[PDB]
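What follows is each chain in one-letter form.
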Amino acid sequence: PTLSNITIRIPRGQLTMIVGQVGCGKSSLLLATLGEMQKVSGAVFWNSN
Ligand SMILES: Nc1ncnc2c1ncn2[C@@H]1O[C@H](COP(=O)(O)OP(=O)(O)OP(=O)(O)O)[C@@H](O)[C@H]1O
């Protein structure tokens, strides 16, 4: 695994400006959010209005 223990909840209309270092899981989360990263132990349920 290249990422774990991600516990963030964001309702709709929540502008969440992600900041971080040079290579500390910024774009990787941006891709894993869409579903392009293999998730091993994660409870994720995307839903909309
Ligand atoms: N799609 C991917 N598949 C495999 N490894 C990835 C993927 N995307 C990023 N990585 C790797 O995971 C690590 C985390 O990188 P990260 O996602 O933080 O990069 P970044 O935010 O684009 O970087 P930077 O701050 O330099 O712009 C790096 O070693 C990177 O090479």
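Residues numbered from 1 in each chain as written, not as in the entry; some residues may be left out. Part of a larger assembly, values for the part shown. Heavy atoms only, no water. Residues with missing side-chain atoms left out of burial classes, pairs and counts.

The PDB entry annotates the chain as ATP-binding cassette sub-family C member 8 originating from Cricetus cricetus.

Our next topic: the overall build of the chain. In terms of regular secondary structure, the chain is built from one helix and zero strands. Taking the principal axes of its C-alpha atoms as reference, the chain extends roughly 30 × 25 × 15 Å. (Helix = DSSP H or I, 4+ residues; strand = E, 2+ residues; numbered from the N terminus.)

This brings us to the environment of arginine 12. Assignment of secondary structure puts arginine 12 in the segment before α1 (27-32). Sequence spacing of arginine 12 and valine 44 is 32 residues, and the spatial spacing of their C-alpha atoms is 16 Å. In contact with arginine 12, not counting residues within four places along its chain, are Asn47, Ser48 and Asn49. (Contact = heavy atoms within 4.5 Å.)

Its identity as a non-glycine residue notwithstanding, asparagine 5 has a phi of 60°, on the positive side. Relative to the assigned elements, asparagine 5 resides in the segment before α1.

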